[PDB]
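One file, model-v4.txt, carrying compact mmCIF, C-alpha atoms:
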# COMPACT_ATOMS: atom_id res chain seq x y z
CA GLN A 23 34.89 103.00 62.40
CA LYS A 24 38.01 105.00 63.33
CA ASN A 25 39.99 101.82 64.17
CA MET A 26 38.92 99.64 61.27
CA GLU A 27 40.24 99.55 57.78
CA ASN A 28 38.10 100.67 54.88
CA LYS A 29 38.43 101.67 51.20
CA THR A 30 38.96 105.40 51.96
CA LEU A 31 40.71 107.17 54.87
CA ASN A 32 41.55 103.92 56.59
CA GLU A 33 42.89 102.04 53.54
CA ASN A 34 46.57 102.56 54.51
CA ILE A 35 47.32 101.09 57.95
CA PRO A 36 49.99 103.61 58.94
CA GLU A 37 47.77 106.60 58.11
CA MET A 38 44.84 105.01 59.99
CA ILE A 39 46.99 104.29 63.06
CA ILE A 40 48.45 107.80 63.11
CA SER A 41 44.97 109.37 62.77
CA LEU A 42 43.60 107.14 65.49
CA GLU A 43 46.33 108.17 67.93
CA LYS A 44 45.86 111.86 67.17
CA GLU A 45 42.08 111.53 67.67
CA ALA A 46 42.58 109.89 71.07
CA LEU A 47 45.10 112.58 72.09
CA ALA A 48 42.67 115.35 71.11
CA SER A 49 39.65 113.78 72.83
CA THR A 50 38.20 115.49 75.86
CA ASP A 51 37.15 112.11 77.18
CA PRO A 52 39.86 110.69 79.45
CA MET A 53 38.57 107.16 78.61
CA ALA A 54 39.53 107.56 74.92
CA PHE A 55 42.70 105.51 75.12
CA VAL A 56 41.04 103.01 77.43
CA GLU A 57 38.26 102.42 74.90
CA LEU A 58 40.96 101.78 72.30
CA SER A 59 42.91 99.37 74.48
CA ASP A 60 42.43 95.58 74.62
CA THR A 61 41.99 93.36 77.65
CA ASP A 62 45.69 92.36 77.78
CA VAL A 63 47.04 95.92 77.57
CA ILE A 64 50.41 96.74 79.21
CA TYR A 65 51.07 100.42 80.07
CA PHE A 66 54.01 102.52 81.24
CA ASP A 67 54.31 106.21 82.12
CA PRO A 68 56.73 108.28 84.23
CA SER A 69 54.65 108.14 87.37
CA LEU A 70 54.38 104.35 87.78
CA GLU A 71 56.88 102.29 89.70
CA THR A 72 56.09 99.32 87.41
CA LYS A 73 53.87 98.78 84.40
CA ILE A 74 50.10 98.52 84.65
CA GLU A 75 48.75 95.20 83.39
CA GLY A 76 45.26 94.57 82.07
CA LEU A 77 42.42 96.72 80.85
CA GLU A 78 40.50 96.95 84.09
CA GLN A 79 43.59 98.20 85.88
CA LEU A 80 44.26 100.67 83.12
CA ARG A 81 40.65 101.89 83.30
CA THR A 82 40.91 102.43 87.05
CA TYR A 83 44.21 104.26 86.58
CA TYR A 84 42.79 106.57 83.87
CA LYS A 85 39.69 107.23 85.98
CA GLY A 86 41.89 108.31 88.85
CA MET A 87 43.92 110.88 87.01
CA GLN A 88 41.29 112.78 85.10
CA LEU A 89 43.90 113.95 82.62
CA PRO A 90 42.80 116.82 80.37
CA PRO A 91 43.97 116.62 76.80
CA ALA A 92 46.66 119.05 75.77
CA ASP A 93 45.53 122.48 74.57
CA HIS A 94 47.43 121.49 71.40
CA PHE A 95 50.16 119.08 70.39
CA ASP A 96 52.62 118.34 67.62
CA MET A 97 53.24 114.73 66.70
CA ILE A 98 56.76 114.60 65.28
CA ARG A 99 57.88 112.07 62.75
CA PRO A 100 55.41 109.24 63.55
CA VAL A 101 56.62 105.84 62.32
CA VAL A 102 54.38 102.82 61.86
CA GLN A 103 55.96 99.45 61.43
CA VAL A 104 53.41 96.87 60.22
CA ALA A 105 53.89 93.13 60.70
CA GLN A 106 50.92 90.94 59.89
CA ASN A 107 48.38 91.75 62.63
CA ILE A 108 50.57 94.26 64.52
CA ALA A 109 51.27 97.93 63.97
CA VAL A 110 54.01 99.56 66.08
CA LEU A 111 53.57 103.30 66.26
CA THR A 112 56.45 105.40 67.55
CA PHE A 113 56.63 109.19 67.81
CA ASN A 114 57.79 112.19 69.66
CA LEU A 115 55.16 114.59 70.98
CA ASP A 116 55.32 118.24 71.91
CA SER A 117 52.32 118.65 74.22
CA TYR A 118 51.16 122.06 75.34
CA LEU A 119 49.16 122.58 78.52
CA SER A 120 48.65 126.02 80.16
CA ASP A 121 51.46 127.70 78.17
CA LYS A 122 54.16 125.05 78.86
CA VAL A 123 55.50 122.32 76.63
CA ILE A 124 56.06 118.76 77.77
CA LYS A 125 58.06 116.71 75.27
CA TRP A 126 57.30 113.01 75.13
CA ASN A 127 58.47 109.74 73.65
CA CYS A 128 55.78 107.23 72.81
CA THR A 129 55.52 103.62 71.68
CA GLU A 130 52.10 102.17 70.99
CA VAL A 131 51.55 98.62 69.79
CA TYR A 132 48.23 98.04 68.05
CA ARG A 133 46.87 94.58 67.20
CA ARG A 134 44.34 93.73 64.55
CA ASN A 135 41.94 91.36 66.25
CA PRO A 136 39.81 88.80 64.45
CA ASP A 137 36.87 91.28 64.22
CA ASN A 138 39.16 93.63 62.27
CA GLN A 139 39.42 96.28 64.95
CA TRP A 140 42.88 97.58 65.75
CA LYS A 141 43.29 97.83 69.53
CA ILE A 142 46.18 98.98 71.72
CA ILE A 143 47.98 96.12 73.53
CA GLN A 144 50.98 98.15 74.75
CA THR A 145 51.64 101.75 75.58
CA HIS A 146 54.93 103.31 76.77
CA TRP A 147 55.06 107.02 77.48
CA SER A 148 58.29 108.68 78.66
CA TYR A 149 59.65 112.18 78.90
CA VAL A 150 62.27 113.44 76.50
CA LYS A 151 65.49 113.91 78.49
CA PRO A 152 63.83 114.28 81.89
CA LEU A 153 67.18 114.55 83.76
CA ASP A 154 69.17 115.74 80.66
CA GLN B 22 53.57 70.50 66.57
CA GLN B 23 51.98 70.33 63.08
CA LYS B 24 51.21 74.09 62.71
CA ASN B 25 54.86 74.94 63.40
CA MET B 26 55.82 72.31 60.85
CA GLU B 27 53.69 73.71 58.04
CA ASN B 28 55.13 77.18 58.92
CA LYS B 29 58.76 75.94 59.40
CA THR B 30 58.86 77.63 62.82
CA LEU B 31 60.50 76.17 65.97
CA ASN B 32 58.49 74.28 68.63
CA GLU B 33 59.82 76.72 71.26
CA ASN B 34 58.26 78.49 74.22
CA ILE B 35 58.31 81.96 72.61
CA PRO B 36 57.98 83.99 75.81
CA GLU B 37 60.81 82.08 77.53
CA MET B 38 62.99 82.34 74.45
CA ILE B 39 62.42 86.10 74.08
CA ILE B 40 63.15 86.70 77.76
CA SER B 41 66.36 84.65 77.42
CA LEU B 42 67.48 86.70 74.36
CA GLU B 43 66.94 89.95 76.22
CA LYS B 44 68.73 88.78 79.38
CA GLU B 45 71.66 87.51 77.24
CA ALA B 46 71.99 90.86 75.45
CA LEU B 47 71.78 92.79 78.71
CA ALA B 48 74.53 90.76 80.35
CA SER B 49 76.64 90.32 77.17
CA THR B 50 80.32 91.10 77.17
CA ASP B 51 79.80 92.44 73.61
CA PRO B 52 78.78 96.07 73.86
CA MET B 53 77.21 95.82 70.39
CA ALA B 54 74.97 92.85 71.44
CA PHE B 55 71.76 94.84 71.06
CA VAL B 56 72.83 96.17 67.67
CA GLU B 57 73.45 92.62 66.48
CA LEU B 58 70.04 91.59 67.81
CA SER B 59 68.24 94.51 66.06
CA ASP B 60 66.83 94.72 62.54
CA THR B 61 67.44 97.28 59.83
CA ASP B 62 64.20 99.19 60.58
CA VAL B 63 64.73 99.44 64.32
CA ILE B 64 63.36 102.43 66.22
CA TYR B 65 64.94 103.25 69.59
CA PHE B 66 64.27 105.57 72.53
CA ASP B 67 66.16 106.16 75.76
CA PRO B 68 66.26 109.03 78.25
CA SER B 69 69.26 110.72 76.69
CA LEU B 70 67.83 111.32 73.25
CA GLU B 71 66.14 114.45 72.07
CA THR B 72 64.37 112.52 69.28
CA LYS B 73 64.04 108.83 68.53
CA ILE B 74 66.72 106.85 66.69
CA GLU B 75 65.61 105.42 63.36
CA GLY B 76 67.38 102.67 61.55
CA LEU B 77 70.10 100.26 62.38
CA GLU B 78 72.87 102.49 61.11
CA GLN B 79 71.85 105.28 63.53
CA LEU B 80 71.51 102.72 66.32
CA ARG B 81 75.00 101.36 65.52
CA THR B 82 76.54 104.84 65.59
CA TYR B 83 74.93 105.55 68.96
CA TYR B 84 76.03 102.22 70.47
CA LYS B 85 79.59 102.71 69.23
CA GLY B 86 79.87 105.53 71.78
CA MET B 87 78.46 103.63 74.75
CA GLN B 88 80.32 101.59 77.27
CA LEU B 89 78.31 98.46 77.88
CA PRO B 90 77.20 96.50 79.71
CA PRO B 91 76.60 99.16 82.38
CA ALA B 92 76.01 96.59 85.16
CA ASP B 93 77.17 93.15 86.20
CA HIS B 94 74.00 92.73 88.18
CA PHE B 95 70.36 93.48 87.39
CA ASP B 96 66.90 92.12 88.25
CA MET B 97 64.21 91.74 85.52
CA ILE B 98 60.83 92.44 87.07
CA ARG B 99 57.58 90.74 85.87
CA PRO B 100 58.56 90.26 82.27
CA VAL B 101 55.56 89.81 80.01
CA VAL B 102 55.62 88.64 76.42
CA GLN B 103 52.61 89.24 74.19
CA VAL B 104 52.77 87.07 71.08
CA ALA B 105 51.00 87.95 67.81
CA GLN B 106 51.92 85.84 64.89
CA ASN B 107 55.42 87.02 63.87
CA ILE B 108 55.69 89.65 66.69
CA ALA B 109 56.60 89.31 70.36
CA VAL B 110 56.17 92.35 72.61
CA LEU B 111 58.41 92.08 75.70
CA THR B 112 57.71 94.45 78.55
CA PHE B 113 59.50 94.55 81.88
CA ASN B 114 61.01 96.63 84.61
CA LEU B 115 64.71 96.35 85.33
CA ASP B 116 66.73 97.19 88.43
CA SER B 117 70.36 97.80 87.15
CA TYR B 118 73.03 97.82 89.87
CA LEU B 119 75.90 100.15 88.88
CA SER B 120 78.64 99.24 91.46
CA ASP B 121 77.09 101.07 94.49
CA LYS B 122 74.09 102.66 92.62
CA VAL B 123 70.86 101.33 91.13
CA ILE B 124 69.02 102.51 88.08
CA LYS B 125 65.36 101.49 87.81
CA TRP B 126 64.10 101.12 84.24
CA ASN B 127 60.93 100.59 82.22
CA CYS B 128 61.41 98.71 78.94
CA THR B 129 59.40 97.79 75.89
CA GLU B 130 61.07 95.65 73.23
CA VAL B 131 59.27 94.56 70.06
CA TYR B 132 60.81 91.47 68.39
CA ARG B 133 59.88 90.28 64.91
CA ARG B 134 60.47 86.78 63.62
CA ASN B 135 62.22 86.95 60.25
CA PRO B 136 61.75 84.28 57.52
CA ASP B 137 64.95 82.58 58.73
CA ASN B 138 63.27 82.07 62.15
CA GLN B 139 65.50 84.62 63.83
CA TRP B 140 63.80 86.99 66.23
CA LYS B 141 65.13 90.53 65.81
CA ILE B 142 64.39 93.72 67.70
CA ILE B 143 62.42 96.26 65.66
CA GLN B 144 61.65 98.67 68.51
CA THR B 145 63.24 99.51 71.85
CA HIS B 146 61.95 101.97 74.45
CA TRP B 147 63.98 102.42 77.64
CA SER B 148 62.79 104.92 80.26
CA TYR B 149 63.59 105.67 83.89
CA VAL B 150 61.16 104.63 86.58
CA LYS B 151 59.64 107.76 88.18
CA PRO B 152 62.48 110.09 87.14
CA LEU B 153 60.72 113.12 88.65
CA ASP B 154 60.17 111.52 92.07
For this file, write the structure as structure tokens.
Amino acid sequence: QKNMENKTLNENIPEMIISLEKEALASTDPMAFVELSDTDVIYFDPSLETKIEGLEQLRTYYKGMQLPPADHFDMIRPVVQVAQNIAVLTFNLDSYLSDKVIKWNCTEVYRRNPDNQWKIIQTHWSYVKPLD
Amino acid sequence: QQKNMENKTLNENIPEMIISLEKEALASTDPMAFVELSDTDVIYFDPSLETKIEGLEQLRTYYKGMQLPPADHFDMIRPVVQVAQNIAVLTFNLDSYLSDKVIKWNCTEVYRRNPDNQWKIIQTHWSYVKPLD
């Protein structure tokens, strides 16, 4: 499974976490990140007055926007900090949609649950220098 | 609490403690408060950076140029702390009152409990609320 450790591609937690994020970003299914998120997920992006709280609220939010994936993206210098059952992934992202780049900051926090799946418990998306 | 005893951890309300640390740093007279509260491997974002800050030395250099605190008054909105073993994820919104102006913020802080039972920031993400509104 893409979000579970194994003896091959998912042996190293940082490489697994980075691959998982890239796979969700490339998915045509707008539910991809929802399916990866846990029931207690907390989510921020630039369009929300305050953070979204809980998986059902996140699901409703993702359903409402119908966001296409980028035509292509570049994940720049992803860092994964691992602490017991938590992996903090941080990166910058150059996302291309219809011939324009949108540059993002991202923090994801993944938790290894008792069934050995890594699930997103926190997401924070922001623009790079939106006002300069 | 016997689990905390075997683990030599404090019998504290972790969410309340983490919220109190954050509020203290925000309102601190020491402009380097957040640098002191951060660990060597800290990663940091804010709306002025073209790419994320990595490492405490980079964070320190950045903070040396900032005048802080930026506001005497601020309101922390619906802080949530998710606790996972030696990690606490603090998320909140913050209304920061700069004299006559207000900046509305999103914030994610990740704190990690070190072996000495000190909670240190390993990740900070500050963003504006609805900057393109």
If you count all atoms listed in the file, which residues fall within 12 Å of range 120-123 of chain A, apart from same-chain ones fewer than 5 positions away, as a PyMOL selection string?
chain A and resi 90-96+115+149-150
Once 4 Å is added on each side, what are the centre and the three edge lengths, in Å to one decimal, of the axis-aligned box enclosing the listed atoms of range 62-73 of chain A? Present them as AutoDock Vina command-line options.
--center_x 51.3 --center_y 100.3 --center_z 83.6 --size_x 19.2 --size_y 23.9 --size_z 20.1
Please build the interface table for chain A against chain B with a cut-off of 9 Å, listing for each qualifying residue the nearest atom pair and the distance in Å to one decimal; count only C-alpha atoms, order rows by chain and increasing number, and write it as a Markdown table.
| residue | atom | partner | partner_atom | distance |
| --- | --- | --- | --- | --- |
| A:62 | CA | B:103 | CA | 8.4 |
| A:64 | CA | B:112 | CA | 7.7 |
| A:66 | CA | B:127 | CA | 7.3 |
| A:67 | CA | B:151 | CA | 8.2 |
| A:68 | CA | B:151 | CA | 4.9 |
| A:69 | CA | B:151 | CA | 5.1 |
| A:70 | CA | B:151 | CA | 6.3 |
| A:71 | CA | B:150 | CA | 5.8 |
| A:72 | CA | B:114 | CA | 6.3 |
| A:73 | CA | B:114 | CA | 7.5 |
| A:98 | CA | B:72 | CA | 8.8 |
| A:101 | CA | B:64 | CA | 8.5 |
| A:103 | CA | B:62 | CA | 8.3 |
| A:105 | CA | B:107 | CA | 7.1 |
| A:106 | CA | B:107 | CA | 7.2 |
| A:107 | CA | B:105 | CA | 6.9 |
| A:108 | CA | B:105 | CA | 7.1 |
| A:110 | CA | B:144 | CA | 8.1 |
| A:112 | CA | B:64 | CA | 7.6 |
| A:113 | CA | B:73 | CA | 7.5 |
| A:114 | CA | B:72 | CA | 6.6 |
| A:125 | CA | B:71 | CA | 9.0 |
| A:127 | CA | B:66 | CA | 7.2 |
| A:128 | CA | B:146 | CA | 8.3 |
| A:129 | CA | B:146 | CA | 7.2 |
| A:131 | CA | B:110 | CA | 8.3 |
| A:133 | CA | B:105 | CA | 7.8 |
| A:143 | CA | B:103 | CA | 8.3 |
| A:144 | CA | B:110 | CA | 8.1 |
| A:145 | CA | B:129 | CA | 8.7 |
| A:146 | CA | B:129 | CA | 7.2 |
| A:147 | CA | B:148 | CA | 8.5 |
| A:148 | CA | B:148 | CA | 6.1 |
| A:149 | CA | B:68 | CA | 7.4 |
| A:150 | CA | B:71 | CA | 6.0 |
| A:151 | CA | B:68 | CA | 4.9 |
| A:152 | CA | B:68 | CA | 6.8 |
| A:153 | CA | B:152 | CA | 7.3 |
| A:154 | CA | B:69 | CA | 6.4 |
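Of the residues under consideration (B:51, B:121, B:60, B:116), B:51 shows the shortest atom-to-atom contact distance to residue 89 in chain B when counting all atoms listed in the file.
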Which is closer to residue 80 in chain B than all the others in B:31, B:124, B:142, B:102, using only C-alpha atoms?
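Ranking B:31, B:124, B:142, B:102 by distance to residue 80 in chain B, first place goes to B:142.
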Since the input is missing atoms for range 54-86 of chain B, could you rebuild it with N, CA and C atoms and give the result as a compact mmCIF listing (two decimals), in the coordinates of the input?
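And here's rebuild_1.txt as it stands now:
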# COMPACT_ATOMS: atom_id res chain seq x y z
N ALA B 54 75.99 93.95 71.40
CA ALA B 54 74.97 92.85 71.44
C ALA B 54 73.59 93.28 70.96
N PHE B 55 73.08 94.39 71.49
CA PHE B 55 71.76 94.84 71.06
C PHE B 55 71.70 95.31 69.63
N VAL B 56 72.81 95.78 69.06
CA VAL B 56 72.83 96.17 67.67
C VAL B 56 72.75 94.92 66.79
N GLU B 57 73.50 93.90 67.19
CA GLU B 57 73.45 92.62 66.48
C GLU B 57 72.06 91.96 66.53
N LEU B 58 71.33 92.17 67.61
CA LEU B 58 70.04 91.59 67.81
C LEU B 58 68.93 92.41 67.14
N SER B 59 69.25 93.61 66.66
CA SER B 59 68.24 94.51 66.06
C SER B 59 68.21 94.41 64.54
N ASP B 60 67.03 94.71 63.97
CA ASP B 60 66.83 94.72 62.54
C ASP B 60 67.06 96.09 61.91
N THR B 61 67.12 96.08 60.58
CA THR B 61 67.44 97.28 59.83
C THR B 61 66.51 98.47 60.08
N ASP B 62 65.25 98.18 60.40
CA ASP B 62 64.20 99.19 60.58
C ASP B 62 63.96 99.52 62.04
N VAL B 63 64.92 99.25 62.90
CA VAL B 63 64.73 99.44 64.32
C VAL B 63 64.50 100.93 64.66
N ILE B 64 63.62 101.15 65.62
CA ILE B 64 63.36 102.43 66.22
C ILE B 64 63.75 102.29 67.68
N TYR B 65 64.41 103.30 68.22
CA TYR B 65 64.94 103.25 69.59
C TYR B 65 64.78 104.58 70.34
N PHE B 66 64.34 104.48 71.60
CA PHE B 66 64.27 105.57 72.53
C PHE B 66 65.04 105.23 73.80
N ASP B 67 65.65 106.26 74.39
CA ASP B 67 66.16 106.16 75.76
C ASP B 67 66.16 107.57 76.34
N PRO B 68 66.40 107.71 77.62
CA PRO B 68 66.26 109.03 78.25
C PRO B 68 67.27 110.06 77.87
N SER B 69 68.27 109.71 77.06
CA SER B 69 69.26 110.72 76.69
C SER B 69 69.02 111.34 75.33
N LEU B 70 68.03 110.85 74.61
CA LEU B 70 67.83 111.32 73.25
C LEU B 70 66.77 112.39 73.13
N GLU B 71 67.07 113.41 72.32
CA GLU B 71 66.14 114.45 72.07
C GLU B 71 65.03 114.03 71.10
N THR B 72 65.36 113.09 70.21
CA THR B 72 64.37 112.52 69.28
C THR B 72 64.75 111.05 69.05
N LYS B 73 63.78 110.25 68.67
CA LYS B 73 64.04 108.83 68.53
C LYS B 73 65.07 108.51 67.43
N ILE B 74 65.83 107.45 67.65
CA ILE B 74 66.72 106.85 66.69
C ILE B 74 65.92 106.03 65.73
N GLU B 75 66.28 106.16 64.46
CA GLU B 75 65.61 105.42 63.36
C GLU B 75 66.63 104.77 62.47
N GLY B 76 66.53 103.47 62.39
CA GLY B 76 67.38 102.67 61.55
C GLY B 76 68.58 102.10 62.26
N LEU B 77 69.00 100.94 61.79
CA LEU B 77 70.10 100.26 62.38
C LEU B 77 71.38 101.02 62.27
N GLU B 78 71.62 101.77 61.20
CA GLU B 78 72.87 102.49 61.11
C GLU B 78 72.99 103.59 62.17
N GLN B 79 71.89 104.28 62.45
CA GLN B 79 71.85 105.28 63.53
C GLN B 79 72.04 104.61 64.88
N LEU B 80 71.38 103.47 65.07
CA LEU B 80 71.51 102.72 66.32
C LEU B 80 72.99 102.32 66.53
N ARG B 81 73.61 101.78 65.50
CA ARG B 81 75.00 101.36 65.52
C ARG B 81 75.91 102.52 65.91
N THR B 82 75.76 103.65 65.27
CA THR B 82 76.54 104.84 65.59
C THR B 82 76.40 105.25 67.05
N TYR B 83 75.18 105.21 67.57
CA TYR B 83 74.93 105.55 68.96
C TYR B 83 75.63 104.55 69.91
N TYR B 84 75.46 103.26 69.64
CA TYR B 84 76.03 102.22 70.47
C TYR B 84 77.56 102.19 70.43
N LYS B 85 78.14 102.64 69.33
CA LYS B 85 79.59 102.71 69.23
C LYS B 85 80.18 103.64 70.29
N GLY B 86 79.39 104.57 70.79
CA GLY B 86 79.87 105.53 71.78
C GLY B 86 79.58 105.14 73.21
